[PDB]
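Heads up, the Cβs are rebuilt from the backbone with ideal geometry, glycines too, and the neighbour counts pull from every protein chain shown. Just so you know, all these numbers are worked out from the coordinates, no wet-lab data involved.
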Amino acid sequence: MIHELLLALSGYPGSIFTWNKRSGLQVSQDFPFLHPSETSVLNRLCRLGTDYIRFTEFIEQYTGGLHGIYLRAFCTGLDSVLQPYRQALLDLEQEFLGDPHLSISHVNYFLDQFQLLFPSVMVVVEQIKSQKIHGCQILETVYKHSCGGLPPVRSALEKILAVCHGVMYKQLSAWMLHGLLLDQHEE
Amino acid sequence: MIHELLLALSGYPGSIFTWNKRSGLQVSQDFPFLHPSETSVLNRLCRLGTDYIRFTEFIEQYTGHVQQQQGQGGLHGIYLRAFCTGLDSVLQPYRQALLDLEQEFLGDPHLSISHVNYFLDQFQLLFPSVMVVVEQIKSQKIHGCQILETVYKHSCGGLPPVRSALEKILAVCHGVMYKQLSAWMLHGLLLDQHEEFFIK
Amino acid sequence: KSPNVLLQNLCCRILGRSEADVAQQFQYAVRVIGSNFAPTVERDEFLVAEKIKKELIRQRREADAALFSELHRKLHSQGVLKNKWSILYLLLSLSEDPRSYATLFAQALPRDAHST
Amino acid sequence: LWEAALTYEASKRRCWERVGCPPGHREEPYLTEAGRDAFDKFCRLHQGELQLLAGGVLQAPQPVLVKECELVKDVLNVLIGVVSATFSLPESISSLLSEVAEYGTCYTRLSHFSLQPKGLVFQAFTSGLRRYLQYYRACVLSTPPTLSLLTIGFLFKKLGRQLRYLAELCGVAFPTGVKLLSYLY
Amino acid sequence: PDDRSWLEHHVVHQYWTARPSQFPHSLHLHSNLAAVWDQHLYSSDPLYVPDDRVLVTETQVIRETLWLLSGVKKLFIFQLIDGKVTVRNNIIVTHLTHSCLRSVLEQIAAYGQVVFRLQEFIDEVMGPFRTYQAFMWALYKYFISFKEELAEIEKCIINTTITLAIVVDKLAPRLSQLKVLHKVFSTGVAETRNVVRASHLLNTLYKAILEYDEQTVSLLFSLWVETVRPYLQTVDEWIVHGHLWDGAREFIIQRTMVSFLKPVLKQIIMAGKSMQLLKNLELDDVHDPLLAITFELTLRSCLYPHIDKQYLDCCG
Amino acid sequence: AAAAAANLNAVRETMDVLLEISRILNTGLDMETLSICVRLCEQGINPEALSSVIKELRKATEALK
């Protein structure tokens, strides 16, 4: 729960932090040795691990959404945006390697900057799944939230927009230059 | 097994890597200090040493034969004599890569078998490919100039190291074909005991 | 070592000299260190920590004032330092601002109320 | 003094199963990498095991002795005909040593056969053989001061088999006259 | 005893040896998590479920995963049964509560399947098709460099701290490239005649890179060229030597068609027969220098000058 | 043996973190003179006197330079 917590936040669950497809990461709430307050802090941290497991499942499942290229560019942006969360977890591992007794409030203060960025990008993925957002409308969908107003969230979605603008410019440098379209069922 | 392995892959066995005429190089499989996985990697490397001991035994045995005091080449005679002189020269980079392993293990005291496996996995392919080239010659009693055809039908190999390695052998024994032809086309006399050069 | 030989190493560290050269300053150092050996104030690391934090807050360096709080705990975590008050009292005194009144603020206890 | 020792070189090793005061505790030498003493210890172990499985009826000693470079000067000396500590007149070095011992036996068998200065053309052939054996003694003992063991077995392979070929040429009966001059032709 | 005692010290002998692997770890539930697990089990009344377990150390798991990535078999972890690698059941570390280790080793076993099936494929070629036998050379040539990277990691094990969570993130751009091979080879294994089995295989590559139009495209292109080598050789041989020299009727004109060379195929046949009617009266080494001086669609459209000018000379 | 080497690590750790506290307080000391000062403060000495000693020797090193 010092190493099991970094392991469950790494996206590999375990039967303290019981993975449930409904309740994400869930502590099993009845423990005679810990007590209800640290349980609440653990649940608060399990929100981040729940979002990370759902993100990695979405990326593994759709790296090729229902089949195709523009959301393929979205996931290649998405894992690279989630990369500093991994590397901050690896830095936590070295600090807990250095000192044998560090608090959860230590971990909470270090990971409360990703505690915001993850629920903000969840709605960006959720609109694409719900409205069956096909092809170039994903470009508009991430841009209407690129007017975000959390400045980390605005910059993090800007990286994704630049990535999938890469494949937009790639198709445009085919049809404007050599006169041929290169598109199967996306446009 | 760091020096005994280079010694057994050099073709000199030893009673860890027990030479058996049936099973080639064979580890004796029951050891309380090593365990079954490194045994498998050792067996995988012993395939190369088995092929090398069989190659050197074939070259020592069938030089076609020694000073030639029934002949057919490798039973006595010249075209397969050109084959073995090609064969040891083809096997030469395996020797020299082994000697380079010896210097690297001289430099560092603890290097892995996976280090040796990665360095010798390029000969791990070339040796079973040339084994069938020798095996057809032994089985079909391939006499004289049909050895030239036999190595050429596999000179359409498609491992590019194997194609080039058999090309060297074909060039070598083409040397003795051109040598007999520069006698009969030029001075009018054949120079062939029981082997031939397509002119009776 | 002994403190008398150890003071001469300090006089050779600050002034770059040998012990056969510098002997007038070491003579002065024996005068001030001797007869002022015993600690005059009651020792507590807490008041000195709350003054180093106050000093680092006063220079608008509010980030180092709570990094000192993480550095001061490691001194207790390792535990080969016996007198942690004296070295912090010294390191606060030799502190310079990279860039008034003190009878109002918190001072150490005088040790004169006790029968020393 | 202790702060002077404190300026030492630190080991930056760590494990997960060593959390408190773990500067390093290394991976107890895995067998296949740890040799040159532990493998030779190990050879004499399997030798003793086979001797126990036999029970006195094997008794295969001498799993020691000596060194590398002097053994090279020794084996290179065997090509000159010379007698030595292990040449009279692990444990696999006996097989590797026989492959180059039997080379020197034919050199000694050549000096015993071609020493005299019956036939005059046989004298001419005998004096021509010593023109070559001096070259065999000249190419040896010029290149290697002190080389590796396997370098000697590999270097004297393309040359030593020719020296064994010269045994089947001579006796080690033999014609004389026009008979010998045409047999060699 | 004296020598075997030196062994028992200077050997790591615990799970693979037939002995209960006892371990002197440190304490302090970062590494006392197995005990902390078990006692709350027994307070929650399992009832007891105290199964025998091997209690492996930490670093040896990383060494076994490196061997599983190598493609070797007969390992104490990931014991395969039916051509399918599968984690053992008695494996536990002092931490990771015996169940999470099963999950992470399950993922690495899913990668071990991809490497083991390809090693079995190469074994079934080594022990005159000219195309599969030329395809496994490109696969093997990938495998040696991949093995170099993992064998380098084994060096810094024996000579810095290293865990599971560092080695998996270090091997991310390799485990990405292997998953592509699991889908590319799956069409090259799922099939009886020697011409359809090679034509379908060579056509799948040309389709699958046009799906991917950077490091994956370089792998797929470098895998493409060393498999299209036999067809380019036989086409050039039919052009300049005036005769079609095929083995086992590998080529598609058996004297059902790859669309790779379809925009120029008329100009190939219309040369082969016209050149054969003349004698009665290095093409891969040109395609490869083209890469030295917009990928595989416009880039392939520059190969055809080499086959078309030679064509024009033959018919003229 | 072992307990004579664990203390060496535990004193390297403290002589580093005291140097870190020395540099955020911008004291002019370095790693070598601090090891003299911590040794003096171990036996029991007035910091109000030893600090005046250092603030006199560092004031007299400038008149000679």
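Based on the Cβ-Cβ distance of residue E:252 and residue B:138, what FRET efficiency does E = 1/(1 + (r/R0)^6) give at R0 = 41 Å, to the nearest 0.05?
Values: r = 37 Å, r/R0 = 0.91.
For residue E:252 and residue B:138, the calculated efficiency is 0.65.
Please compute the Cα-Cα pair-distance distribution of the stretch E:265-316 with 5 Å bins starting at 0, giving whole percents from short to long.
Bins of 5 Å from zero give 4, 17, 25, 21, 15, 10, 5, 2, 0 percent of pairs.
Normalised by the empirical 2.2 N^0.38 Å for globular proteins, what value does the Cα Rg of chain D take? List each step's numbers first, then the result.
Details: Rg = 27.6 Å, N = 185, 2.2 N^0.38 = 16.0 Å.
Against the empirical 2.2 N^0.38 Å value, I get 1.72 for chain D.
Enter the mean number of other protein chain beta carbons within 10 Å of the beta carbon of each residue in B:113-126, as an integer. Don't skip to the end; give the middle numbers.
On the way: counts 5, 13, 5, 2, 4, 8, 2, 0, 4, 3, 0, 2, 5, 0.
For this peptide, the per-residue mean of nearby foreign Cβ atoms is 4.
Distance check, please: which entries in A:170/E:262; E:73/E:179; B:168/E:73 exceed 32 angstrom between their Cα atoms? Please list the in-between numbers first.
Values: A:170/E:262 26 Å; E:73/E:179 21 Å; B:168/E:73 36 Å.
Cα-Cα > 32 Å for B:168/E:73; rest within.
Could you work out the Rg to Rh ratio of the stretch B:30-88, with Rh taken as the Kirkwood radius (inverse of the mean 1/r over all Cα pairs)?
On the way: Rg = 17.8 Å, Rh = 13.6 Å.
Ratio value, two decimals: 1.30.
For the pairs E:74/E:147; D:73/D:157; C:53/F:65; B:179/D:157, note any where the Cα-Cα span goes beyond 24 Å. Please report the intermediate quantities before stating the final value.
Values: E:74/E:147 18 Å; D:73/D:157 17 Å; C:53/F:65 35 Å; B:179/D:157 26 Å.
Check vs 24 Å cut-off fails for C:53/F:65; B:179/D:157.
Measure of size requested: the Rg and Dmax of chain C, with Cα atoms as the atom set and Å as the unit; please supply both.
My reading of the Cα-based Rg and Dmax gives 17.5, 47 Å.
Where the eigenvalues come from the Cα gyration tensor of the protein assembly as shown, what are the semi-axes √(5λ) of the equivalent ellipsoid, largest first, in whole Å?
Working: eigenvalues 970, 453, 170 Å².
Semi-axes from the Cα gyration tensor: 70, 48, 29 Å.
Cross-link candidates for residue A:129: which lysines have Cα within less than 23 Å, leaving aside residues fewer than 8 places away along the same chain?
Output for residue A:129: A:21, A:144, A:159.
Give, rounded to the nearest 20 debye, the magnitude of the charge dipole that the stretch A:1-153 has about its Cα centre when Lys and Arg contribute +1 at Cβ and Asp and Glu contribute -1 at Cβ. Mind dumping the intermediate values first?
Working: 10 positive and 14 negative charges, 146 e Å.
For this selection, approximately 700 debye.
Translational diffusion coefficient of chain B at 4 °C, 1.567 mPa s, Stokes-Einstein with Kirkwood Rh over Cα pairs, in µm²/s as a whole number. Let's see the in-between values first.
Numbers: Rh = 18.8 Å.
Answer, rounded: 69 µm²/s.
Which value results when the Cα radius of gyration for the stretch E:1-149 is divided by 2.2 N^0.38 Å? Walk me through the intermediate numbers first.
Values: Rg = 19.9 Å, N = 149, 2.2 N^0.38 = 14.7 Å.
That ratio works out to 1.35.
What is the local net charge at residue E:55, summed over the other residues whose Cβ is closer than 14 Å to its Cβ (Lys, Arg +1; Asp, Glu -1)?
Working: positive: E:19, E:53, E:88; negative: D:17, E:38, E:51, E:52, E:58.
That sum, taken over residues with Cβ under 14 Å, equals -2.
Counting partner chain Cβ atoms within 10 Å of every residue's Cβ in E:25-33, what's the average? Provide the component values of the computation, followed by the final result.
On the way: counts 5, 9, 3, 5, 6, 10, 7, 1, 5.
Going residue by residue through E:25-33 and averaging, the value is 6.
Over 10 Å intervals from 0, what percent of Cα-Cα pairs in the stretch A:100-187 sits in each interval?
14, 34, 25, 16, 7, 3, 1
Could you tell me which residue out of C:36, C:22, C:109 lies farthest along the dipole of chain C toward its positive end? Charges go on the beta carbon: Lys and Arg +1, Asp and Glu -1, centred on the Cα centre.
Highest projection toward the positive end goes to C:22.
How long, wide and thick is chain E, going by the Cα atoms along their three principal axes, in whole angstroms, largest first?
So the three principal-axis extents are 94, 42, 40 Å.
Is it possible to state the helix-based mean residue ellipticity at 222 nm for the protein assembly as shown, with each DSSP H run of 4+ residues giving -39500 (n - 2.57), the sum divided by total residues, to the nearest 500 deg cm²/dmol? What is it?
On the way: 42 runs with 627 residues, N = 1069.
About -19000 deg cm²/dmol.
Tell me the trypsin sites (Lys or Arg not before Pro) within the stretch B:98-167 that lie in a loop according to DSSP and have at most 16 other beta-carbon atoms within 10 Å.
Passing sites in the stretch B:98-167 are B:141.
Evaluate the charge dipole of the protein assembly as shown about its Cα centre and quote only its size in Debye, nearest 20, assuming +1 on the Cβ of each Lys and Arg and -1 on the Cβ of each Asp and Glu. Provide the component values of the computation, followed by the final result.
Working: 101 positive and 109 negative charges, 416 e Å.
Result for the protein assembly as shown is approximately 2000 debye, rounded to the nearest 20.
Averaged over its residues, how many other protein chain Cβ atoms are within 10 Å of peptide B:154-164's Cβ atoms? Please report the intermediate quantities before stating the final value.
Details: counts 1, 0, 6, 4, 15, 7, 5, 1, 2, 0, 0.
Shielding by partners across B:154-164 averages 4.
Over the Cα atoms of the stretch A:1-103, Rg to Rh with Kirkwood Rh, two decimal places?
Numbers: Rg = 15.9 Å, Rh = 15.2 Å.
Result for the stretch A:1-103 is an Rg/Rh of 1.05.
To the nearest Å, what is the center-to-center distance of the stretch C:12-66 and the stretch D:1-62, using C-alpha atoms only?
51
Using the Cα centre as the reference, give the magnitude of the dipole from point charges on the C-beta atoms of the stretch D:7-73 (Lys, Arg: +1; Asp, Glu: -1; all else neutral), rounded to the nearest 20 debye. Don't skip to the end; give the middle numbers.
Details: 10 positive and 10 negative charges, 41 e Å.
The dipole of the stretch D:7-73 has a size of about 200 debye.
Below 15 Å, Cα to Cα, which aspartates and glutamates can residue E:141 reach? Residues fewer than 8 away in the same chain don't count.
Partners within reach: B:121, E:123, E:149, E:226.
Tell me which of E:198, C:79, A:39 sits at the most positive position along the dipole axis of the protein assembly as shown, charges placed on C-beta atoms (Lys, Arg +1; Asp, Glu -1).
So the residue we want is E:198.
Around residue F:11, with a cut-off of 14 angstrom between Cβ atoms, what is the net charge of the other residues, counting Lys and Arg +1 and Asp and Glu -1? It would help to have the intermediate numbers written out before the result.
Working: positive: C:74, C:82, F:12, F:39; negative: D:3, F:13, F:16, F:42.
Once positives and negatives cancel, what remains is 0.
How far is helix F:31-43 tilted off the main Cα axis of chain F, in degrees rounded to 10, range 0 to 90?
Between the helix axis and the principal axis of chain F, the angle is about 80 degrees.
Once the other residues with Cβ under 13 Å from the Cβ of residue A:170 are scored (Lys, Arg +1; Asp, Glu -1), what is the net sum?
Details: positive: A:72; negative: A:183, A:186, E:213, E:214.
In short, -3.
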